[PDB]
Amino acid sequence: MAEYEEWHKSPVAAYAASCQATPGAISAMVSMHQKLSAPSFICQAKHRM
Amino acid sequence: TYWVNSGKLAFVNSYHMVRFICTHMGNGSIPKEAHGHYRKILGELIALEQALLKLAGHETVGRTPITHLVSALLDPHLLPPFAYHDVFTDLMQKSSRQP
Amino acid sequence: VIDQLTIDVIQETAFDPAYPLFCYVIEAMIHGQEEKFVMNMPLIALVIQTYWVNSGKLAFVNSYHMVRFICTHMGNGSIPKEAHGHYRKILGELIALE
Amino acid sequence: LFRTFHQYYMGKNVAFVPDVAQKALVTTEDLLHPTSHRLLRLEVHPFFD
Amino acid sequence: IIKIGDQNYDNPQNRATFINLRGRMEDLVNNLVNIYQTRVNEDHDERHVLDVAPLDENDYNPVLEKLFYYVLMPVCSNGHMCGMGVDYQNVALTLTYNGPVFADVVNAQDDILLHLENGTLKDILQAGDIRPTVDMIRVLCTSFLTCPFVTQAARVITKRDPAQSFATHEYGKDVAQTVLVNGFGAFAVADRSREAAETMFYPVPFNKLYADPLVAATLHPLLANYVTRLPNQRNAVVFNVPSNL
Amino acid sequence: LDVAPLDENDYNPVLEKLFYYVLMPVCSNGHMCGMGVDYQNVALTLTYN
Amino acid sequence: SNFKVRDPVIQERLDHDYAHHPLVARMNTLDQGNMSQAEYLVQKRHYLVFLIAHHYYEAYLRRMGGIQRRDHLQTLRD
Amino acid sequence: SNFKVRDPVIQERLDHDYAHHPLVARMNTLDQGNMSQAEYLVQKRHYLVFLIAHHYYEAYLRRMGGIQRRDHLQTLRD
């Protein structure tokens, strides 16, 4: 591994260590994988994310 | 033996074992109490990708759709980190990028 | 008449990955007929019972004529009493809508 | 009906979306934003389409 | 106007040339070899005659059927419903050509899979986990006699309500609907027995509440190729339906 | 690299990705490892007795 | 296979394996016509499907005739 | 033991204790080569693992062939 080169950096593993068992934490991880790109932001500003 | 002795269920570990207990084995071989909890997994895990298609647009950019870009769960260049069926020759045929 | 508990049964059958294919073979052979269903009522009382005991879901939900014939033509204890109650609540709803 | 089904999806590589099927997915605030002429242009009458 | 393929259907006085009825099975025990003669000889790609049962006005009511398919099933299934079409003479070829059905030496009240061979019925009855008796499948064999032909679609073009008969063009006064004759809508078929469904059934998308790609990709592996080549059409709202349906 | 061939109908890419990256590190609170196997030692235990 | 469904996997030649059956004599009475040798085996198999169904339905109507008076009440005397 | 796993504790010499077996005659047909006397006992044991697995899989495919028509329906006559 080279931890500076993946789609999963360090603070993804730091959030999964302190997750609760709640089903809201399932949808937190799904809403986490938004891509920080420019044509992602169009898809959230439409739906008011 | 494992759902009756302890209150816990085995084979949670890999995806393919969880998938095969639901698709195959509609039997009464494993208990109906423990049969539901495997079905709740795949019943929800399919219900997540329905929501991921509501956000991702019906429209595209070029040959590449917008759904491939907006979330990394739908981006096929992310691979599941355990490979049992040959992923790599499928990904080279469909990538606009260089794999 | 329909409660949220019976929609919870109908929705679990719709998302079933292991729904039996054999109850499509029956429904294709009945194809919504009065006479042809009475000939097969000792068979569909086994497909429903071996799908309600093996899993919490219920079969023959596809078309209207199979749901209508189960509520009216049995009136008995062939289907288990809990499983037959969910079919009566469907036609209790549809009549109350009209 | 296996013939008309199989003539249509054989080598289809382009998928078209009508004017109606791309309005029912748009939210109540994306349709009025001025980056969308084309959906908003044919919003002429309440009763018709 | 009913459009059975090419020929329009206008009057009730021309009923016999377009609609062929089939009544009770007990009443049709005489003319029943004349049914099978039309299974082999006739061309069913250009038959233009639909087979339906005669209906009794004191038995049914169309509103309960209409409150079922248009209200209660799109809600409770959340729109995972496709119009499954049946090839009927290939269904009973699995049932009647069994061997424990045909041989009268086998006991009638005996279990099926103790005597049955490696075919499709060993794989279809392994899905439902059913242990029927030999009397049970043999009654299902008898339903092949008045069994209809391939599932057909008839487009019912009617004029609009008198409060709605204002239109831009001339076809705009007529609203239409395609009703799948002798077919039935069905859920997502089990992935352990898609091989058996590939030998019996095929999907017909014909309506907005009954054209779902995640159901229709199960029934035929060419539409499973279509959904996975371009994932725009994985929604029910977006999915493309043929122009002949 | 010895891998069984891919069935196109049963490959199913997104659902494997929702299980491995989202639903497992929540429910296990990030207590997971990659396991290696020595396969010819697996037969000598199971068979040779 | 663009015009029909896939054919099911079933073991061939039920005629040689059992009969000893009167309805297989009815199968041979079907004329070959202009169909080939391979196509004659197909449509003869489909005609067996019709004979089994017509047999068991004719047997079924005799079964659902119900029990009758004169034959039953005579046997209750013994 | 920096390059391999620990060896399991299993009782030695299955050949002397049972056979009376045809697959142990197949074991002796394996050539020694340049391997030593202690190393020949190791790789002959590994070759027994292959013979047992190839035997029971060949026996398994005959078992899952299923029951067939002509042999079964003839025995139902009696």
# chains A, B, ... in the order shown; residues from 1 in each chain; ligands from 1

$ residues_around --residues "residue 14 in chain B" --least-positions-apart "5" --cutoff "12 Å" --atoms "only C-alpha atoms" --output "PDB file with C-alpha atoms, in the first residue's frame"
ATOM      1  CA  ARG B  19     -25.583 -13.862  -1.856  1.00  0.00           C
ATOM      2  CA  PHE B  20     -25.775 -17.624  -2.340  1.00  0.00           C
ATOM      3  CA  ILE B  21     -27.700 -18.244   0.893  1.00  0.00           C
ATOM      4  CA  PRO B  80     -14.373  -4.728  -4.908  1.00  0.00           C
ATOM      5  CA  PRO B  81     -11.177  -5.513  -2.995  1.00  0.00           C
ATOM      6  CA  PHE B  82     -11.565  -9.292  -3.370  1.00  0.00           C
ATOM      7  CA  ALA B  83     -11.635 -10.700  -6.905  1.00  0.00           C
ATOM      8  CA  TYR B  84     -12.994 -14.170  -7.704  1.00  0.00           C
TER       9      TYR B  84
ATOM     10  CA  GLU F  16     -20.228  -6.146  -4.196  1.00  0.00           C
ATOM     11  CA  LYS F  17     -18.979  -2.589  -3.711  1.00  0.00           C
ATOM     12  CA  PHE F  19     -21.081  -4.666   0.779  1.00  0.00           C
ATOM     13  CA  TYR F  20     -17.305  -4.387   1.067  1.00  0.00           C
ATOM     14  CA  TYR F  21     -16.876  -0.621   1.488  1.00  0.00           C
ATOM     15  CA  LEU F  23     -22.013  -2.203   5.005  1.00  0.00           C
ATOM     16  CA  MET F  24     -19.074  -4.151   6.433  1.00  0.00           C
ATOM     17  CA  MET F  32     -11.356  -6.597   9.412  1.00  0.00           C
ATOM     18  CA  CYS F  33      -8.293  -7.940   7.633  1.00  0.00           C
ATOM     19  CA  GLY F  34      -7.361  -9.520   4.354  1.00  0.00           C
ATOM     20  CA  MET F  35      -6.831 -13.237   4.829  1.00  0.00           C
TER      21      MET F  35
END

$ residues_around --residues "residue 90 in chain B" --least-positions-apart "2" --cutoff "12 Å" --atoms "only C-alpha atoms" --output "list in words"
residues 76, 77, 79, 85, 86, 87, 88, 92, 93, 94, 95 and 99 of chain B; 228 and 229 of chain E; 5, 6, 7, 8, 11 and 13 of chain F

$ closest_residue --among "D:20, D:32, D:10, D:40" --to "chain A" --atoms "only C-alpha atoms"
D:32

$ select_by_dssp --residues "chain G" --states "alpha helix (DSSP H)" --output "tab-separated table (two decimals) with N, CA, C and O atoms, in the first residue's frame"
chain	number	residue	atom	x	y	z
G	14	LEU	N	-39.30	-41.33	-24.96
G	14	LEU	CA	-40.15	-41.96	-23.96
G	14	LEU	C	-40.86	-43.19	-24.52
G	14	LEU	O	-41.30	-44.07	-23.76
G	15	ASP	N	-40.97	-43.29	-25.85
G	15	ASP	CA	-41.69	-44.40	-26.48
G	15	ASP	C	-40.96	-45.72	-26.29
G	15	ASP	O	-41.58	-46.75	-26.00
G	16	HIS	N	-39.63	-45.72	-26.44
G	16	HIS	CA	-38.87	-46.95	-26.33
G	16	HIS	C	-38.73	-47.41	-24.88
G	16	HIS	O	-38.46	-48.59	-24.64
G	17	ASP	N	-38.90	-46.50	-23.92
G	17	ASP	CA	-38.54	-46.81	-22.55
G	17	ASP	C	-39.68	-47.42	-21.74
G	17	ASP	O	-39.41	-48.10	-20.74
G	18	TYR	N	-40.93	-47.21	-22.13
G	18	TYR	CA	-42.03	-47.75	-21.33
G	18	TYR	C	-42.96	-48.69	-22.09
G	18	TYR	O	-43.25	-49.79	-21.61
G	22	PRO	N	-51.34	-48.09	-24.73
G	22	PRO	CA	-52.21	-47.96	-25.92
G	22	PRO	C	-52.09	-46.62	-26.62
G	22	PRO	O	-52.34	-46.55	-27.84
G	23	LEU	N	-51.73	-45.56	-25.91
G	23	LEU	CA	-51.69	-44.24	-26.53
G	23	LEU	C	-50.47	-44.04	-27.41
G	23	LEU	O	-50.44	-43.11	-28.22
G	24	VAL	N	-49.45	-44.89	-27.26
G	24	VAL	CA	-48.29	-44.82	-28.14
G	24	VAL	C	-48.62	-45.45	-29.49
G	24	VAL	O	-48.07	-45.07	-30.53
G	25	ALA	N	-49.57	-46.39	-29.51
G	25	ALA	CA	-50.12	-46.86	-30.78
G	25	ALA	C	-50.90	-45.76	-31.49
G	25	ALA	O	-50.96	-45.74	-32.72
G	26	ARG	N	-51.49	-44.83	-30.73
G	26	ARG	CA	-52.14	-43.67	-31.34
G	26	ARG	C	-51.12	-42.69	-31.90
G	26	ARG	O	-51.45	-41.89	-32.79
G	27	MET	N	-49.89	-42.70	-31.37
G	27	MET	CA	-48.86	-41.79	-31.86
G	27	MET	C	-48.41	-42.16	-33.27
G	27	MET	O	-48.17	-41.27	-34.09
G	28	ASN	N	-48.29	-43.45	-33.55
G	28	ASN	CA	-47.81	-43.91	-34.85
G	28	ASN	C	-48.84	-43.66	-35.95
G	28	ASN	O	-48.48	-43.58	-37.12
G	37	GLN	N	-37.25	-36.20	-41.14
G	37	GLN	CA	-37.11	-37.25	-40.13
G	37	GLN	C	-36.90	-36.66	-38.74
G	37	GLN	O	-37.45	-37.16	-37.75
G	38	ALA	N	-36.10	-35.59	-38.65
G	38	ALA	CA	-35.89	-34.94	-37.36
G	38	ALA	C	-37.13	-34.17	-36.93
G	38	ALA	O	-37.42	-34.06	-35.74
G	39	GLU	N	-37.86	-33.61	-37.90
G	39	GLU	CA	-39.06	-32.84	-37.56
G	39	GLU	C	-40.23	-33.76	-37.24
G	39	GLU	O	-41.18	-33.35	-36.56
G	40	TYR	N	-40.21	-34.99	-37.75
G	40	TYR	CA	-41.26	-35.94	-37.40
G	40	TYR	C	-41.15	-36.39	-35.95
G	40	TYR	O	-42.17	-36.67	-35.31
G	41	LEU	N	-39.93	-36.46	-35.41
G	41	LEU	CA	-39.76	-36.81	-34.00
G	41	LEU	C	-40.25	-35.70	-33.09
G	41	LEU	O	-40.67	-35.95	-31.96
G	42	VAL	N	-40.20	-34.45	-33.57
G	42	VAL	CA	-40.65	-33.32	-32.76
G	42	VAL	C	-42.17	-33.32	-32.64
G	42	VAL	O	-42.72	-33.34	-31.53
G	43	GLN	N	-42.87	-33.31	-33.78
G	43	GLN	CA	-44.32	-33.18	-33.75
G	43	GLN	C	-45.02	-34.44	-33.26
G	43	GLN	O	-46.18	-34.38	-32.86
G	44	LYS	N	-44.34	-35.59	-33.29
G	44	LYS	CA	-44.89	-36.78	-32.66
G	44	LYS	C	-44.82	-36.68	-31.15
G	44	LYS	O	-45.69	-37.21	-30.44
G	45	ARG	N	-43.80	-35.99	-30.64
G	45	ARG	CA	-43.68	-35.77	-29.20
G	45	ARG	C	-44.75	-34.79	-28.71
G	45	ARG	O	-45.30	-34.97	-27.62
G	46	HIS	N	-45.03	-33.76	-29.50
G	46	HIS	CA	-46.08	-32.80	-29.15
G	46	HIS	C	-47.46	-33.46	-29.17
G	46	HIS	O	-48.35	-33.06	-28.42
G	47	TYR	N	-47.65	-34.46	-30.03
G	47	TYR	CA	-48.94	-35.13	-30.09
G	47	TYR	C	-49.12	-36.07	-28.90
G	47	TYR	O	-50.26	-36.37	-28.52
G	48	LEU	N	-48.02	-36.52	-28.30
G	48	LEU	CA	-48.12	-37.30	-27.07
G	48	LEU	C	-48.60	-36.44	-25.91
G	48	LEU	O	-49.28	-36.93	-25.01
G	49	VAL	N	-48.25	-35.15	-25.93
G	49	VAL	CA	-48.70	-34.22	-24.89
G	49	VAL	C	-50.22	-34.08	-24.92
G	49	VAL	O	-50.88	-33.99	-23.88
G	50	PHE	N	-50.80	-34.10	-26.13
G	50	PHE	CA	-52.25	-33.99	-26.26
G	50	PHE	C	-52.96	-35.26	-25.81
G	50	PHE	O	-54.08	-35.21	-25.28
G	51	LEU	N	-52.34	-36.42	-26.02
G	51	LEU	CA	-53.01	-37.68	-25.71
G	51	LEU	C	-53.03	-37.94	-24.21
G	51	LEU	O	-54.00	-38.50	-23.69
G	52	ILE	N	-51.97	-37.55	-23.51
G	52	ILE	CA	-51.91	-37.74	-22.06
G	52	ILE	C	-52.92	-36.82	-21.37
G	52	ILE	O	-53.57	-37.20	-20.39
G	53	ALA	N	-53.06	-35.60	-21.89
G	53	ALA	CA	-53.97	-34.64	-21.28
G	53	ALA	C	-55.42	-35.03	-21.53
G	53	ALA	O	-56.28	-34.87	-20.65
G	54	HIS	N	-55.72	-35.54	-22.73
G	54	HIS	CA	-57.08	-35.96	-23.04
G	54	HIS	C	-57.45	-37.23	-22.29
G	54	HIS	O	-58.63	-37.48	-22.00
G	55	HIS	N	-56.45	-38.06	-21.97
G	55	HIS	CA	-56.71	-39.27	-21.21
G	55	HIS	C	-57.05	-38.96	-19.76
G	55	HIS	O	-58.06	-39.43	-19.23
G	56	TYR	N	-56.21	-38.16	-19.10
G	56	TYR	CA	-56.37	-37.92	-17.67
G	56	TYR	C	-57.54	-37.00	-17.37
G	56	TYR	O	-58.04	-37.00	-16.24
G	57	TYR	N	-57.99	-36.21	-18.34
G	57	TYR	CA	-59.20	-35.43	-18.11
G	57	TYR	C	-60.44	-36.29	-18.26
G	57	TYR	O	-61.43	-36.10	-17.55
G	58	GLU	N	-60.40	-37.25	-19.19
G	58	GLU	CA	-61.50	-38.20	-19.34
G	58	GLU	C	-61.59	-39.12	-18.13
G	58	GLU	O	-62.68	-39.52	-17.72
G	59	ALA	N	-60.44	-39.43	-17.52
G	59	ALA	CA	-60.44	-40.19	-16.27
G	59	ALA	C	-60.91	-39.33	-15.11
G	59	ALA	O	-61.43	-39.85	-14.12
G	60	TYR	N	-60.72	-38.01	-15.20
G	60	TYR	CA	-61.06	-37.14	-14.08
G	60	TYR	C	-62.56	-36.94	-13.95
G	60	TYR	O	-63.08	-36.82	-12.84
G	61	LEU	N	-63.28	-36.88	-15.08
G	61	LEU	CA	-64.72	-36.62	-15.04
G	61	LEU	C	-65.47	-37.81	-14.45
G	61	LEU	O	-66.53	-37.63	-13.84
G	62	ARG	N	-64.95	-39.02	-14.64
G	62	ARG	CA	-65.55	-40.19	-14.01
G	62	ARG	C	-65.31	-40.18	-12.50
G	62	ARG	O	-66.13	-40.71	-11.74
G	63	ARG	N	-64.20	-39.58	-12.06
G	63	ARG	CA	-63.88	-39.54	-10.64
G	63	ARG	C	-64.78	-38.56	-9.89
G	63	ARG	O	-65.19	-38.85	-8.76
G	69	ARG	N	-76.45	-43.67	-5.14
G	69	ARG	CA	-77.32	-44.26	-4.13
G	69	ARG	C	-77.36	-45.78	-4.21
G	69	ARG	O	-77.03	-46.47	-3.23
G	70	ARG	N	-77.77	-46.31	-5.36
G	70	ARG	CA	-78.21	-47.70	-5.47
G	70	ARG	C	-77.07	-48.68	-5.28
G	70	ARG	O	-77.24	-49.73	-4.66
G	71	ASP	N	-75.88	-48.35	-5.80
G	71	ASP	CA	-74.73	-49.22	-5.62
G	71	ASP	C	-74.22	-49.18	-4.18
G	71	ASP	O	-73.73	-50.19	-3.67
G	72	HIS	N	-74.33	-48.02	-3.52
G	72	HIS	CA	-73.77	-47.89	-2.18
G	72	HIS	C	-74.69	-48.50	-1.14
G	72	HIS	O	-74.24	-49.21	-0.23
G	73	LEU	N	-76.00	-48.21	-1.23
G	73	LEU	CA	-76.94	-48.68	-0.22
G	73	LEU	C	-77.15	-50.19	-0.29
G	73	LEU	O	-77.56	-50.80	0.70
G	74	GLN	N	-76.88	-50.79	-1.45
G	74	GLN	CA	-76.91	-52.25	-1.55
G	74	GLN	C	-75.74	-52.87	-0.79
G	74	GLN	O	-75.89	-53.93	-0.17
G	75	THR	N	-74.58	-52.21	-0.82
G	75	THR	CA	-73.41	-52.76	-0.14
G	75	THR	C	-73.43	-52.49	1.36
G	75	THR	O	-72.65	-53.08	2.11

$ residues_around --residues "residue 9 in chain H" --least-positions-apart "4" --cutoff "12 Å" --atoms "only C-alpha atoms" --output "NGL selection string"
:F and (44-45 or 48-49)

$ write_last_selection --atoms "N, CA and C atoms" --output "compact mmCIF listing (two decimals), in the first residue's frame"
# COMPACT_ATOMS: atom_id res chain seq x y z
N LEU F 44 -4.68 -31.16 2.76
CA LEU F 44 -3.97 -32.13 3.58
C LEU F 44 -4.59 -32.24 4.97
N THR F 45 -5.28 -31.19 5.42
CA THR F 45 -6.04 -31.31 6.66
C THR F 45 -7.36 -32.02 6.43
N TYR F 48 -6.52 -36.01 4.28
CA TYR F 48 -5.55 -37.06 4.59
C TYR F 48 -5.87 -37.88 5.85
N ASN F 49 -6.84 -37.47 6.66
CA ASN F 49 -7.17 -38.28 7.82
C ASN F 49 -8.02 -39.49 7.42

$ residues_around --residues "residue 65 in chain C" --least-positions-apart "2" --cutoff "9 Å" --atoms "only C-alpha atoms" --output "list in words"
residues 31, 32, 33, 62, 63, 67, 68, 69 and 70 of chain C; 65 of chain E

$ residues_around --residues "residue 79 in chain C" --least-positions-apart "3" --cutoff "12 Å" --atoms "only C-alpha atoms" --output "list in words"
residues 41, 42, 43, 44, 45, 46, 47, 48, 49, 50, 51, 52, 53, 58, 59, 70, 71, 73, 74, 75, 76, 82, 83, 84, 85, 86 and 87 of chain C

$ write_last_selection --atoms "N, CA, C and O atoms" --output "compact mmCIF listing (two decimals), in the first residue's frame"
# COMPACT_ATOMS: atom_id res chain seq x y z
N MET C 41 -57.40 -26.66 -6.95
CA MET C 41 -57.34 -26.23 -5.55
C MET C 41 -56.71 -27.20 -4.54
O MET C 41 -56.26 -26.73 -3.50
N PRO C 42 -56.61 -28.53 -4.76
CA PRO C 42 -55.70 -29.29 -3.90
C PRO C 42 -54.23 -29.16 -4.25
O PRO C 42 -53.39 -29.76 -3.56
N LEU C 43 -53.87 -28.41 -5.30
CA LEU C 43 -52.45 -28.19 -5.59
C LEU C 43 -51.98 -26.84 -5.07
O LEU C 43 -50.89 -26.74 -4.50
N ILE C 44 -52.78 -25.80 -5.28
CA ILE C 44 -52.37 -24.46 -4.88
C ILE C 44 -52.46 -24.29 -3.37
O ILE C 44 -51.86 -23.37 -2.82
N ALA C 45 -53.19 -25.16 -2.68
CA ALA C 45 -53.14 -25.16 -1.23
C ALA C 45 -51.85 -25.76 -0.70
O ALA C 45 -51.59 -25.66 0.50
N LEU C 46 -51.04 -26.40 -1.55
CA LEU C 46 -49.72 -26.87 -1.17
C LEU C 46 -48.64 -25.86 -1.51
O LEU C 46 -47.67 -25.71 -0.75
N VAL C 47 -48.77 -25.16 -2.64
CA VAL C 47 -47.79 -24.15 -3.02
C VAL C 47 -47.84 -22.97 -2.07
O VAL C 47 -46.80 -22.40 -1.71
N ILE C 48 -49.03 -22.61 -1.60
CA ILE C 48 -49.16 -21.52 -0.64
C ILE C 48 -48.67 -21.95 0.74
O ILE C 48 -47.98 -21.20 1.43
N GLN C 49 -49.00 -23.18 1.15
CA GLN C 49 -48.63 -23.63 2.49
C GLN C 49 -47.13 -23.90 2.60
O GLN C 49 -46.52 -23.58 3.63
N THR C 50 -46.52 -24.46 1.57
CA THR C 50 -45.08 -24.68 1.61
C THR C 50 -44.28 -23.42 1.29
O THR C 50 -43.05 -23.49 1.26
N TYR C 51 -44.94 -22.29 1.04
CA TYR C 51 -44.25 -21.02 0.91
C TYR C 51 -44.52 -20.10 2.09
O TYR C 51 -43.74 -19.17 2.32
N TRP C 52 -45.59 -20.34 2.85
CA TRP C 52 -45.84 -19.60 4.08
C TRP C 52 -45.15 -20.22 5.29
O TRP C 52 -44.86 -19.50 6.25
N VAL C 53 -44.87 -21.52 5.27
CA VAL C 53 -44.18 -22.13 6.39
C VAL C 53 -42.67 -22.00 6.22
O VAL C 53 -41.95 -21.68 7.18
N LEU C 58 -46.02 -14.87 1.20
CA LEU C 58 -47.15 -15.59 0.62
C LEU C 58 -47.12 -15.47 -0.90
O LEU C 58 -46.70 -14.46 -1.45
N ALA C 59 -47.60 -16.52 -1.57
CA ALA C 59 -47.49 -16.63 -3.01
C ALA C 59 -48.82 -16.29 -3.69
O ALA C 59 -49.82 -15.99 -3.04
N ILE C 70 -58.88 -17.21 -4.18
CA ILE C 70 -58.44 -17.76 -2.91
C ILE C 70 -59.36 -17.30 -1.78
O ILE C 70 -59.68 -18.07 -0.87
N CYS C 71 -59.84 -16.06 -1.84
CA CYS C 71 -60.66 -15.52 -0.76
C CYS C 71 -62.05 -16.13 -0.76
O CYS C 71 -62.62 -16.41 0.30
N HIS C 73 -63.38 -19.01 -2.76
CA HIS C 73 -63.70 -20.40 -3.03
C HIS C 73 -63.23 -21.37 -1.96
O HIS C 73 -63.67 -22.52 -1.97
N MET C 74 -62.35 -20.98 -1.05
CA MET C 74 -61.98 -21.93 0.00
C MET C 74 -62.97 -21.90 1.16
O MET C 74 -63.76 -22.83 1.34
N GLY C 75 -62.98 -20.80 1.92
CA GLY C 75 -63.77 -20.71 3.14
C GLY C 75 -63.49 -21.79 4.16
O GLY C 75 -64.42 -22.24 4.84
N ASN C 76 -62.24 -22.23 4.28
CA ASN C 76 -61.93 -23.48 4.98
C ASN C 76 -60.59 -23.32 5.69
O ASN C 76 -60.11 -22.20 5.89
N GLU C 82 -53.60 -17.74 9.67
CA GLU C 82 -52.90 -16.46 9.62
C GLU C 82 -52.63 -16.03 8.19
O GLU C 82 -52.81 -14.85 7.85
N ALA C 83 -52.19 -16.96 7.34
CA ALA C 83 -51.89 -16.65 5.95
C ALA C 83 -53.12 -16.35 5.12
O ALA C 83 -53.04 -15.57 4.17
N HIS C 84 -54.26 -16.96 5.44
CA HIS C 84 -55.48 -16.68 4.71
C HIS C 84 -56.09 -15.34 5.10
O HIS C 84 -56.89 -14.79 4.34
N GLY C 85 -55.71 -14.81 6.26
CA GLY C 85 -56.22 -13.51 6.67
C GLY C 85 -55.67 -12.37 5.85
O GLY C 85 -56.34 -11.35 5.67
N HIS C 86 -54.45 -12.51 5.33
CA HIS C 86 -53.86 -11.45 4.51
C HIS C 86 -54.53 -11.36 3.15
O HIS C 86 -54.53 -10.29 2.54
N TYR C 87 -55.08 -12.47 2.65
CA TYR C 87 -55.76 -12.40 1.37
C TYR C 87 -57.12 -11.73 1.50
O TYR C 87 -57.50 -10.94 0.62

$ residues_around --residues "residue 4 in chain B" --least-positions-apart "4" --cutoff "10 Å" --atoms "only C-alpha atoms" --output "list in words"
residues 8, 9, 31 and 34 of chain B

$ atom_distance --atom1 "CA of residue 90 in chain E" --atom2 "CA of residue 186 in chain E"
18.6 Å

$ residues_around --residues "residue 42 in chain D" --least-positions-apart "5" --cutoff "9 Å" --atoms "only C-alpha atoms" --output "CSV table (one decimal) with C-alpha atoms, in the first residue's frame"
chain,number,residue,atom,x,y,z
D,19,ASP,CA,-39.7,15.6,-22.9
D,37,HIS,CA,-35.0,26.7,-21.4
D,49,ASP,CA,-48.8,18.4,-22.7

$ interface_residues --of "chain A" --to "chain D" --cutoff "10 Å" --atoms "only C-alpha atoms" --output "ChimeraX atom specification"
/A:45-48

$ write_last_selection --atoms "N, CA and C atoms" --output "mmCIF file, in the first residue's frame"
data_model
loop_
_atom_site.group_PDB
_atom_site.id
_atom_site.type_symbol
_atom_site.label_atom_id
_atom_site.label_comp_id
_atom_site.auth_asym_id
_atom_site.auth_seq_id
_atom_site.Cartn_x
_atom_site.Cartn_y
_atom_site.Cartn_z
ATOM 1 N N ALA A 45 -26.595 20.353 -6.394
ATOM 2 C CA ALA A 45 -27.229 21.660 -6.279
ATOM 3 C C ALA A 45 -28.620 21.669 -6.905
ATOM 4 N N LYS A 46 -28.904 20.707 -7.785
ATOM 5 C CA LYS A 46 -30.274 20.481 -8.235
ATOM 6 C C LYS A 46 -31.152 19.973 -7.101
ATOM 7 N N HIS A 47 -30.706 18.923 -6.414
ATOM 8 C CA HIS A 47 -31.495 18.235 -5.402
ATOM 9 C C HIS A 47 -31.392 18.868 -4.024
ATOM 10 N N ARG A 48 -30.697 20.005 -3.913
ATOM 11 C CA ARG A 48 -30.496 20.755 -2.669
ATOM 12 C C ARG A 48 -29.815 19.882 -1.611
#

$ closest_atom_pairs --of "chain B" --to "chain D" --cutoff "12 Å" --atoms "only C-alpha atoms" --output "Markdown table"
| residue | atom | partner | partner_atom | distance |
| --- | --- | --- | --- | --- |
| B:53 | CA | D:25 | CA | 11.1 |
| B:54 | CA | D:25 | CA | 8.0 |
| B:55 | CA | D:25 | CA | 9.3 |
| B:56 | CA | D:25 | CA | 10.5 |
| B:57 | CA | D:25 | CA | 8.8 |
| B:58 | CA | D:22 | CA | 7.7 |
| B:59 | CA | D:17 | CA | 8.5 |
| B:60 | CA | D:15 | CA | 10.4 |
| B:62 | CA | D:14 | CA | 11.2 |
| B:63 | CA | D:14 | CA | 9.4 |
| B:64 | CA | D:14 | CA | 11.7 |
| B:65 | CA | D:15 | CA | 11.4 |

$ select_by_dssp --residues "range 89-182 of chain E" --states "strand (DSSP E or B)" --output "number ranges by chain"
E: 111, 133, 152-156, 158-159, 174-175, 178-181

$ interface_residues --of "chain E" --to "chain F" --cutoff "10 Å" --atoms "only C-alpha atoms" --output "PyMOL selection string"
chain E and resi 191+217-218+221-222+224-225+228

$ write_last_selection --atoms "N, CA and C atoms" --output "CSV table (one decimal), in the first residue's frame"
chain,number,residue,atom,x,y,z
E,191,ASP,N,-32.9,-15.9,-9.3
E,191,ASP,CA,-31.7,-16.0,-10.1
E,191,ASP,C,-31.1,-17.5,-10.0
E,217,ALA,N,-34.7,-7.6,-17.2
E,217,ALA,CA,-33.4,-8.2,-17.5
E,217,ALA,C,-33.3,-9.6,-16.9
E,218,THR,N,-34.1,-10.0,-16.1
E,218,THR,CA,-34.1,-11.4,-15.6
E,218,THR,C,-34.6,-12.4,-16.6
E,221,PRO,N,-31.7,-12.8,-21.5
E,221,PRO,CA,-30.3,-12.3,-21.3
E,221,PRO,C,-29.9,-11.3,-22.3
E,222,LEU,N,-30.7,-11.0,-23.3
E,222,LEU,CA,-30.3,-9.9,-24.2
E,222,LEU,C,-30.7,-8.5,-23.6
E,224,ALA,N,-30.7,-8.1,-20.4
E,224,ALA,CA,-29.6,-8.0,-19.3
E,224,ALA,C,-28.3,-7.5,-19.9
E,225,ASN,N,-28.1,-7.7,-21.2
E,225,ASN,CA,-27.0,-7.1,-21.9
E,225,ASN,C,-27.3,-5.6,-22.2
E,228,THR,N,-26.8,-3.5,-18.9
E,228,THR,CA,-25.5,-3.3,-18.4
E,228,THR,C,-24.6,-2.6,-19.4

$ interface_residues --of "chain G" --to "chain D" --cutoff "10 Å" --atoms "only C-alpha atoms" --output "list in words"
residues 1, 2, 3, 4 and 5 of chain G

$ closest_atom_pairs --of "chain E" --to "chain D" --cutoff "7 Å" --atoms "only C-alpha atoms" --output "CSV"
residue,atom,partner,partner_atom,distance
E:202,CA,D:2,CA,6.9
E:204,CA,D:1,CA,6.9
E:223,CA,D:9,CA,6.9
E:237,CA,D:21,CA,6.1
E:238,CA,D:21,CA,6.0
E:242,CA,D:8,CA,6.2
E:244,CA,D:4,CA,6.9

$ interface_residues --of "chain E" --to "chain B" --cutoff "9 Å" --atoms "only C-alpha atoms" --output "list in words"
residues 126, 127, 128, 129, 190, 191, 192, 230, 231, 232, 233, 234, 235 and 238 of chain E
